[PDB]
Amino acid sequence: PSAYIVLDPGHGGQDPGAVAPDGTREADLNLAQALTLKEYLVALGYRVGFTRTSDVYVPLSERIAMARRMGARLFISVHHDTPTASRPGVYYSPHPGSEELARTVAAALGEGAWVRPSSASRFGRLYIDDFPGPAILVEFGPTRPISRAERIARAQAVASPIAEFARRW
């Protein structure tokens, strides 16, 4: 397993992440969104790997270790927010280049997009902070049913800025 960019679908298996009132699991939206994004990054000429490709829980430290073993330079975690979230955004690690990558991705996520350091999260840290490279956690808006066409639109939006970051950094 070798890859320049690693996609990390948040949660999985026994960890559903956020659950919509209709039962949509963040974990399933995450995997679906990451699978679609991989197709866009491969089309732009990048070797893409995953921390998970199925509905199984991968320990947070193993997500980071797998990325390092694959020789990843960029770590992109894929999440959806609580079902009442209004605005997409990006958390960035304190590692050099993370904030730059987050801002270029946030610029593609439309009106009201935010960026925050991992230190602004509930416990003041995120697992992405262990990755020795640019590392972000994208919250693609609220946990709710998401169509194929919306997944493709989001993938196309963020693929270009990720690929342009990877080319320049």
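Residue indices: 1-based, along the sequence shown.
Look at the mean CA B-factor for 140-148 and for 26-34 in the entry; the higher one is 140-148. Stretches 105-113 and 57-65 differ in mean C-alpha B factor, with the higher average recorded for 105-113. The entry assigns its greatest Cα B factor, within the set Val78, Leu74, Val90, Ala85, to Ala85. In the deposited coordinates, the residue among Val48, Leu126, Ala43, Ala135 with the greatest CA B-factor is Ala43. When all modelled residues of the chain are sorted by CA temperature factor, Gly13 is found within the middle third.
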